[PDB]
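Report on one structure; see the data block that follows.
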Amino acid sequence: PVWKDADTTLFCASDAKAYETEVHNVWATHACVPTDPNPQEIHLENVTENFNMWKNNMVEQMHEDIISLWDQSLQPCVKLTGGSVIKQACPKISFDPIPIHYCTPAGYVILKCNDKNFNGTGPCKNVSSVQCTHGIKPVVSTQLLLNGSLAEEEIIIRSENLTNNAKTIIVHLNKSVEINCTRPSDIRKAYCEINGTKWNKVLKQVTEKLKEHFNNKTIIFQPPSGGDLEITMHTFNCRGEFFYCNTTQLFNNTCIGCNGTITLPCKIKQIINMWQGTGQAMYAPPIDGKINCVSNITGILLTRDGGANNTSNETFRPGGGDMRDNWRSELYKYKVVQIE
Ligand SMILES: NCCNC(=O)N1CCC[C@H](C(=O)Nc2ccc(Cl)c(F)c2)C1
Ligand SMILES: *[C@@H]1O[C@H](CO)[C@@H](O)[C@H](O)[C@H]1NC(C)=O
Ligand SMILES: *[C@@H]1O[C@H](CO)[C@@H](O)[C@H](O)[C@H]1NC(C)=O
Ligand SMILES: *[C@@H]1O[C@H](CO)[C@@H](O)[C@H](O)[C@H]1NC(C)=O
Ligand SMILES: *[C@@H]1O[C@H](CO)[C@@H](O)[C@H](O)[C@H]1NC(C)=O
Ligand SMILES: *[C@@H]1O[C@H](CO)[C@@H](O)[C@H](O)[C@H]1NC(C)=O
Ligand SMILES: *[C@@H]1O[C@H](CO)[C@@H](O)[C@H](O)[C@H]1NC(C)=O
Ligand SMILES: *[C@@H]1O[C@H](CO)[C@@H](O)[C@H](O)[C@H]1NC(C)=O
Ligand SMILES: *[C@@H]1O[C@H](CO)[C@@H](O)[C@H](O)[C@H]1NC(C)=O
Ligand SMILES: *[C@@H]1O[C@H](CO)[C@@H](O)[C@H](O)[C@H]1NC(C)=O
Ligand SMILES: *[C@@H]1O[C@H](CO)[C@@H](O)[C@H](O)[C@H]1NC(C)=O
């Protein structure tokens, strides 16, 4: 086998149920084929292959699909786009993301990096060959990566360029921390409950590894100062409702009487600034009854402060906004090649 680096158009696969009215299922039913009934991963003996997750067309290809999925699935009362106005009907929908596999057409194959502490760029010593990735959930998230994969060994610090502060940092956790968000039976007041013990343990480890990457320096956490509500809050979609949660308690540099349950204040918003960058959208009020989503915190989005080269500290705040990094967090060990 001999290959070369190449971009090409991918296709998708799913376990989607054709009887479901859930929108991820309805979209995967007509845009994707069924998942590979006999998937086989094959090792590449004595092969070293270098990867670059910040340099992967797979990401932008998935991004186009999630844009597609949201525009056909989400029914907004009125669509406020670039100097435009549209008025429609906005019934409530069934919303729950399902895993999606990304697969190469003929002449192309996917290379899988299996080195347990691969950071996302550079040489991979344990390389695989697959026809499709594994099932990736398209979770649209800010500040915190939800329902993803875990790093198998240590916590991984991923970044295209650690010395550039504009570059986003992806923290790949090795132990998931549960986030339990509930709007109980304001109709827009909600809260997310987190294990403080579990949470502070893991964030202590996150700081000890950023210490390794930044020359033993003091690692400070801080809430985002300024930006849109989707940036300064942990924003996610639970069962169709847009949750905005205040995470200041999570990035508490201190509980590093504070090892119980952390309860984050949340509000469901009807008017959101779309992650697709095209403007404002207005949706309908929340459904009646108890609205609950439990998810796994599996990764953290961070931006580092600048102007601290002559200081003794480094400051990191929760990031968000560019959903590409969310897909990048799960496609990092994949790249497409052209077989020669
Ligand atoms: N480093 C990139 C700067 N990002 C940026 O400029 N954006 C434009 C304005 C806010 C946009 C957004 O994140 N929207 C959103 C909507 C719903 C959910 Cl659930 C969610 F998690 C997020 C992103
Ligand atoms: C390579 O990765 C595989 C799959 O993750 C795993 O069995 C092990 O870590 C590695 N195996 C060899 C033979 O290097
Ligand atoms: C990732 O590993 C490569 C070596 O392959 C190194 O050059 C790069 O600085 C590392 N990046 C991070 C963020 O650790
Ligand atoms: C949450 O994480 C555990 C392991 O940490 C895993 O077994 C479980 O399936 C995860 N749940 C979801 C919804 O991903
Ligand atoms: C997670 O990684 C840290 C180092 O980053 C390590 O100390 C810890 O033991 C790991 N935890 C698990 C459950 O692997
Ligand atoms: C990373 O960013 C720093 C500061 O922005 C810059 O000086 C450096 O050349 C960049 N390195 C690479 C490899 O792009
Ligand atoms: C999530 O929280 C609600 C109320 O806060 C509680 O009733 C439920 O048992 C919790 N679920 C889990 C899995 O912790
Ligand atoms: C937090 O996790 C610990 C283990 O780290 C566990 O014993 C305990 O049940 C959890 N506490 C809460 C309040 O969820
Ligand atoms: C960083 O601190 C650790 C503390 O365990 C020490 O072992 C290491 O030599 C230090 N390295 C640098 C570059 O300061
Ligand atoms: C989050 O809560 C703190 C107090 O707990 C408050 O000062 C801060 O303004 C809140 N964040 C936002 C974005 O409103
Ligand atoms: C994460 O997965 C669980 C189980 O599938 C689900 O209940 C929860 O709503 C998911 N979280 C998000 C943010 O989609």
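Order determines the names: the first chain of the structure tokens is A, the second B, and so forth; residues in each chain are numbered 1 upward, and ligands are numbered 1 upward as they are shown.
Listed by chain and then residue number, the contacts of ligand 6 are residues 160, 161, 162, 163, 164, 165, 166 and 167 of chain A (distance at most 9 Å, using only C-alpha atoms and all ligand atoms).
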Output file for the residues above (C-alpha atoms, as an mmCIF file, in the first residue's frame):
```
data_model
loop_
_atom_site.group_PDB
_atom_site.id
_atom_site.type_symbol
_atom_site.label_atom_id
_atom_site.label_comp_id
_atom_site.auth_asym_id
_atom_site.auth_seq_id
_atom_site.Cartn_x
_atom_site.Cartn_y
_atom_site.Cartn_z
ATOM 1 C CA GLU A 160 -1.880 24.833 16.452
ATOM 2 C CA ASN A 161 0.448 27.347 18.093
ATOM 3 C CA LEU A 162 0.842 27.599 21.876
ATOM 4 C CA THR A 163 3.000 30.731 21.718
ATOM 5 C CA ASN A 164 0.345 32.580 19.693
ATOM 6 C CA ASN A 165 -2.396 33.666 22.097
ATOM 7 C CA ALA A 166 -4.996 34.130 19.348
ATOM 8 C CA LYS A 167 -4.872 30.362 18.743
#
```
Backbone-only DSSP, alpha helix (DSSP H) members of region 148-261 of chain A, as a PyMOL selection string: chain A and resi 196-213+229-232
Near-ligand residues for ligand 8, threshold 12 Å, only C-alpha atoms and all ligand atoms, as a count of residues only: 22
How close does chain A get to ligand 2? List, as a Markdown table, each residue of chain A within 8 Å, its nearest atom pair and the distance in Å to one decimal, counting only C-alpha atoms and all ligand atoms.
```
| residue | atom | partner | partner_atom_place_in_ligand_line | distance |
| --- | --- | --- | --- | --- |
| A:43 | CA | ligand 2 | 1 (C) | 7.7 |
| A:114 | CA | ligand 2 | 2 (O) | 4.6 |
| A:115 | CA | ligand 2 | 2 (O) | 6.4 |
| A:116 | CA | ligand 2 | 9 (O) | 6.7 |
| A:125 | CA | ligand 2 | 14 (O) | 8.0 |
| A:126 | CA | ligand 2 | 1 (C) | 4.9 |
| A:127 | CA | ligand 2 | 1 (C) | 7.2 |
| A:128 | CA | ligand 2 | 2 (O) | 7.8 |
```
The selected residues should be written to file as an mmCIF file, in the first residue's frame (atoms: C-alpha atoms).
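So part-v7.cif came out as:
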```cif
data_model
loop_
_atom_site.group_PDB
_atom_site.id
_atom_site.type_symbol
_atom_site.label_atom_id
_atom_site.label_comp_id
_atom_site.auth_asym_id
_atom_site.auth_seq_id
_atom_site.Cartn_x
_atom_site.Cartn_y
_atom_site.Cartn_z
ATOM 1 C CA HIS A 43 -2.668 -1.822 11.210
ATOM 2 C CA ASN A 114 -3.426 5.380 17.524
ATOM 3 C CA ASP A 115 -0.571 6.852 19.575
ATOM 4 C CA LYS A 116 -2.184 7.379 22.960
ATOM 5 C CA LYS A 125 4.010 5.754 15.133
ATOM 6 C CA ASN A 126 0.904 3.526 15.471
ATOM 7 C CA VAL A 127 -1.128 4.171 12.317
ATOM 8 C CA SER A 128 -4.375 2.489 11.265
#
```
Counting only C-alpha atoms, the residue of A:225, A:270, A:232, A:218 that sits nearest residue 187 (chain A): A:270
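Remark: for residue 49 (chain A), the closest of the candidate residues A:11, A:251, A:243, A:3 is A:3 (distances computed over only C-alpha atoms).
As for atom 7 (O, counted along the ligand's line) of ligand 7 and CA of residue 291 (chain A), they are spaced 10.5 Å apart.
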Where does chain A meet ligand 4 within 9 Å, residue by residue, with the nearest atom pair and distance in Å to one decimal for each, counting only C-alpha atoms and all ligand atoms, listed by chain and rising number, as JSON lines?
```
{"residue": "A:146", "atom": "CA", "partner": "ligand 4", "partner_atom_place_in_ligand_line": "14 (O)", "distance": 8.0}
{"residue": "A:147", "atom": "CA", "partner": "ligand 4", "partner_atom_place_in_ligand_line": "14 (O)", "distance": 4.5}
{"residue": "A:148", "atom": "CA", "partner": "ligand 4", "partner_atom_place_in_ligand_line": "14 (O)", "distance": 6.4}
{"residue": "A:149", "atom": "CA", "partner": "ligand 4", "partner_atom_place_in_ligand_line": "14 (O)", "distance": 7.8}
{"residue": "A:150", "atom": "CA", "partner": "ligand 4", "partner_atom_place_in_ligand_line": "5 (O)", "distance": 7.7}
{"residue": "A:174", "atom": "CA", "partner": "ligand 4", "partner_atom_place_in_ligand_line": "5 (O)", "distance": 8.5}
{"residue": "A:175", "atom": "CA", "partner": "ligand 4", "partner_atom_place_in_ligand_line": "5 (O)", "distance": 5.9}
{"residue": "A:176", "atom": "CA", "partner": "ligand 4", "partner_atom_place_in_ligand_line": "5 (O)", "distance": 4.8}
{"residue": "A:177", "atom": "CA", "partner": "ligand 4", "partner_atom_place_in_ligand_line": "5 (O)", "distance": 7.4}
{"residue": "A:178", "atom": "CA", "partner": "ligand 4", "partner_atom_place_in_ligand_line": "1 (C)", "distance": 7.3}
{"residue": "A:294", "atom": "CA", "partner": "ligand 4", "partner_atom_place_in_ligand_line": "13 (C)", "distance": 7.4}
{"residue": "A:295", "atom": "CA", "partner": "ligand 4", "partner_atom_place_in_ligand_line": "13 (C)", "distance": 5.6}
{"residue": "A:296", "atom": "CA", "partner": "ligand 4", "partner_atom_place_in_ligand_line": "1 (C)", "distance": 5.0}
{"residue": "A:297", "atom": "CA", "partner": "ligand 4", "partner_atom_place_in_ligand_line": "1 (C)", "distance": 8.2}
{"residue": "A:298", "atom": "CA", "partner": "ligand 4", "partner_atom_place_in_ligand_line": "2 (O)", "distance": 8.2}
```
Expected file: the selected residues, N, CA and C atoms, as a short mmCIF file (atom, residue, chain, number, x, y, z; two decimals), in the first residue's frame:
```cif
data_model
loop_
_atom_site.label_atom_id
_atom_site.label_comp_id
_atom_site.auth_asym_id
_atom_site.auth_seq_id
_atom_site.Cartn_x
_atom_site.Cartn_y
_atom_site.Cartn_z
N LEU A 146 -18.91 18.59 24.97
CA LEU A 146 -19.87 17.69 25.60
C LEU A 146 -20.06 16.42 24.80
N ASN A 147 -20.19 15.30 25.52
CA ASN A 147 -20.60 14.01 24.95
C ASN A 147 -19.61 13.49 23.91
N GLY A 148 -18.33 13.78 24.08
CA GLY A 148 -17.32 13.41 23.11
C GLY A 148 -16.55 12.17 23.49
N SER A 149 -15.32 12.09 22.98
CA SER A 149 -14.38 11.05 23.34
C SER A 149 -13.54 11.48 24.55
N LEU A 150 -12.86 10.51 25.15
CA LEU A 150 -11.86 10.81 26.17
C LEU A 150 -10.48 10.44 25.64
N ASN A 174 -9.16 13.04 30.19
CA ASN A 174 -9.11 11.59 30.28
C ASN A 174 -10.17 11.02 31.22
N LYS A 175 -10.93 11.87 31.90
CA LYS A 175 -12.06 11.41 32.71
C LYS A 175 -13.20 12.40 32.56
N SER A 176 -14.36 11.91 32.14
CA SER A 176 -15.51 12.77 31.91
C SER A 176 -16.14 13.18 33.23
N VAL A 177 -16.61 14.42 33.28
CA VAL A 177 -17.30 14.97 34.44
C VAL A 177 -18.73 15.27 34.03
N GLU A 178 -19.69 14.79 34.81
CA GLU A 178 -21.08 14.90 34.42
C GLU A 178 -21.61 16.31 34.66
N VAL A 294 -28.43 15.32 30.87
CA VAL A 294 -27.16 14.97 31.51
C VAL A 294 -26.16 14.67 30.40
N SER A 295 -25.00 15.33 30.45
CA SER A 295 -23.98 15.15 29.43
C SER A 295 -22.62 15.00 30.10
N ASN A 296 -21.65 14.55 29.31
CA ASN A 296 -20.29 14.34 29.78
C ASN A 296 -19.42 15.51 29.34
N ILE A 297 -18.78 16.17 30.30
CA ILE A 297 -17.73 17.13 29.97
C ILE A 297 -16.48 16.32 29.61
N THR A 298 -16.10 16.35 28.34
CA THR A 298 -14.96 15.58 27.86
C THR A 298 -13.82 16.44 27.34
#
```
